[PDB]
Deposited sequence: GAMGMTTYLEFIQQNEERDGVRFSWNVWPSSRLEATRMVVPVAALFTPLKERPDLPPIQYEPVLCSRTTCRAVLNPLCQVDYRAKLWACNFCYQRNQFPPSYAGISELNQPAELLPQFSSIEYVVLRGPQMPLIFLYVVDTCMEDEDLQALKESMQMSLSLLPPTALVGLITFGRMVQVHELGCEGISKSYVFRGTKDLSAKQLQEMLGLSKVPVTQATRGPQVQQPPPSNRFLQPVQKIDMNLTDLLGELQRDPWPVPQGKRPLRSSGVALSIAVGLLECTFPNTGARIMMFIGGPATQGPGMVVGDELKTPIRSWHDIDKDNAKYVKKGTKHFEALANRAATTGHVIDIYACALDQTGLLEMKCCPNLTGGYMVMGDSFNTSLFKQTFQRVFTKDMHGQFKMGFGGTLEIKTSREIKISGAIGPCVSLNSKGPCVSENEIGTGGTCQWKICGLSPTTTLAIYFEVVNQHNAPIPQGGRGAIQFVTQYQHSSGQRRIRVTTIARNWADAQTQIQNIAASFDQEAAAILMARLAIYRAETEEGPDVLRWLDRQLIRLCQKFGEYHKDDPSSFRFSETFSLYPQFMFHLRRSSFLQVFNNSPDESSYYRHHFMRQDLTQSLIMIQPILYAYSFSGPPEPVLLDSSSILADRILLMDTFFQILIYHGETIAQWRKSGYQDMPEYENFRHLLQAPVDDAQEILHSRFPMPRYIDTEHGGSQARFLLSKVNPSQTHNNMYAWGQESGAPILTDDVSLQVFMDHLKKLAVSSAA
């Protein structure tokens, strides 16, 4: 089954291609409607594979140097193996001398395609955490925040180094546990500093006066964090406080950039409001004037956006270059300036959390997931990952879309036509988890095309690791060329991959127009019909759903930005460009369950038709979990029902990283609007008809 196939290959190699069979000819490669792409999850978890504590084994050929894999042809007699990528023949390393048939190396078994090695040689670097704290917010909000940070401190590795930087009008870099006095360096949050400047102004395992081992510094830091008070500077009538968010961040980046460049570090920033004093300024201190809205940005009535954006964009790259992760936790009633700061966590694998107040279950809980551990009491996070992809001579890489930066590396694997962060065979991913998902766009220039994903990254343990996944897909058979390709289609994988390109273009400016000419195209090349006869159009079970996913994606809040704040939009996109297939679909097309005496919980269409009065609905928008009580139910049996959705909710309302906002509403309630807007050109029926009219006509 092509489905069992898609399933098992994502379970084993954490990957999902738009097509599992590829164009064996040039006349088909070029006429590919949806690009050959893969939704790749470098660090997916599975059934406790065995860590390979021996060097991986590379190919002997300057250019190639791929990793020994199940695709490699071996010869246990001659202690020789031929790389599948360049055919180059290799000699086995000394440690493989006793290699045998009835006992061979793991990396060769088809089961250990996708396997991880460990490299022990240099003494591992201790992890670095730098708290950057805003002090311009309400007390209950600051107290919450303080507690939350003190909690994270109790989870950190004894080895890890910590640093604290608080800010308001001025910026304070704290020199930890200096006995009797407790001191910090004050800097005007009114002018930027490079890092060379910062380095001059400021000064067995390593550690600075500003970054000390948790085990030695935890009581001091726990106490300091405990005494932290709101910005001492008053806030006059009708004014916003003076928050130097931009220079606070730059000093944080500079600090690490001159102390520990090129090693896992985590710059976690906490925001209580927008930056009101550039560089990186977002709005002015006059409450009279509101923070910018999409309408404002469209009518060129938002003078800070670009300059502010540019500033955090430079910082994003400075950090991404040095190999450091930027986290942003922003909680307030008004906007924070996410649109301008988006790149920092977007380019690095940094997180983006958003909410109304630090003093909420939402933030508090979302914040502690960050430090969730595994079957070894270690953080589910990796640092400074280097993603390099090897292809068969027939495949080339157009680019990638997701949290990453180009290591701008040239090689024949690079395609002229670049997509997203392209023109490279290597990408850097400063911060990643078992969820990180990049989209990789390829291009084609016996059978079996091959791609090798090699991920090097710093583990929580400190150990360096190399994740290796080598997949292989069948080359189309000349006498069955499109029929096979059509059979190997992954409608879901493709919908998300096509959406990746759309949002990437949108966030980097019509896009719906390109999305349609491709839907229409796909409809004509693989659909069934009689020209000029709409009714005749049908789609294989293999493609039938692509239309609907498209319907939803083009009406989603990922492309229709108005009716949302720029910050809410940047927040949504941020998460969609990181998730795996499944979650991505739930975002684009929320799942909906029905609960009524008449039968146990059942999934129903996202159509108004599903909103029954004597039924309780559960809608899962990746971002929010909502329960609806139809007019009737709005009032032991009745209970099992009223809490049936509440029970299921809890379960998912925990695994998910950004804790989704929960909601309990009912017919008439104001919150019912969230359901009504995700439900239902116009409606799908109309959308479908117009698509058919265009499908059956001219191409």
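Residue ranges with no C-alpha coordinates, please: along the deposited sequence, counted from 1, in order.
In the chain as deposited, 1 to 6, 210 to 226, 469 to 477, 542 to 544, 671 to 682, 728 to 749, 769 carry no coordinates.
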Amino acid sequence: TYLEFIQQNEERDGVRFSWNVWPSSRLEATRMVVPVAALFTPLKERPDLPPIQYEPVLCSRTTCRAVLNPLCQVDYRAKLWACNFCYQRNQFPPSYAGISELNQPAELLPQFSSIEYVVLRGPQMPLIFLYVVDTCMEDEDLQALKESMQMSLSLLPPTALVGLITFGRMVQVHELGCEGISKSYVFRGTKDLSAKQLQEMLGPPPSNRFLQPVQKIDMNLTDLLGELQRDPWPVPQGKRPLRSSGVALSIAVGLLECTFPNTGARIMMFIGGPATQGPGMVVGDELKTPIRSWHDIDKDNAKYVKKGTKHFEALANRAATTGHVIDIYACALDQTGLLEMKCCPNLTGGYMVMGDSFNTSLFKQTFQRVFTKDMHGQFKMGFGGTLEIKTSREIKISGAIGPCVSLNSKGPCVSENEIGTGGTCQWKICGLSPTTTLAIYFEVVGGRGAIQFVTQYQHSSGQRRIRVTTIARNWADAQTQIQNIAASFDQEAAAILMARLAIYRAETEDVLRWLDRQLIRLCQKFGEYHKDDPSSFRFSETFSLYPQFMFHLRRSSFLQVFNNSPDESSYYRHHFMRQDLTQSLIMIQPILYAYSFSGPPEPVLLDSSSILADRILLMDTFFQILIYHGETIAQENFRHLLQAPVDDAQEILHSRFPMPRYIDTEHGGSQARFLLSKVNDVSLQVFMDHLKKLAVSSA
From here on, numbers count along this sequence of modelled residues.
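Between 17 to 25 and 686 to 694, which has the higher average C-alpha B-factor in the PDB entry?
That would be 686 to 694.
Mean C-alpha temperature factor, higher of 382 to 390 and 247 to 255:
Comparing 382 to 390 with 247 to 255, the higher mean C-alpha B-factor belongs to 382 to 390.
Among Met219, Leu501, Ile588, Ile482 - the residue whose C-alpha B-factor is largest in the record:
Going by the entry's C-alpha B-factors, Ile482 comes out highest.
Per the PDB entry, maximal CA B factor within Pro434, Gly337, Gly527, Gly168:
Largest recorded C-alpha B-factor: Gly527.
Among the chain's modelled residues, which third holds the C-alpha B-factor of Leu626?
CA B-factor rank for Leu626: middle third.
Chain third (lowest, middle, highest) by recorded CA B-factor, residue given as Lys428
It belongs to the lowest third of the chain when residues are ordered by C-alpha B-factor.
Can you tell me whether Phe489 has a C-alpha B-factor in the lowest, middle or highest third compared with the other modelled residues of the same chain?
It belongs to the lowest third of the chain when residues are ordered by C-alpha B-factor.
Comparing against every modelled residue in the chain, figure out the third that the C-alpha B-factor of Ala314 lands in (lowest, middle or highest).
As the PDB entry reports it, the C-alpha B-factor of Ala314 lands in the middle third of its chain.
Among the modelled residues of this chain, does the Cα B factor of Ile471 put it in the lowest, middle or highest third?
According to the entry, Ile471 has a C-alpha B-factor in the chain's middle third.
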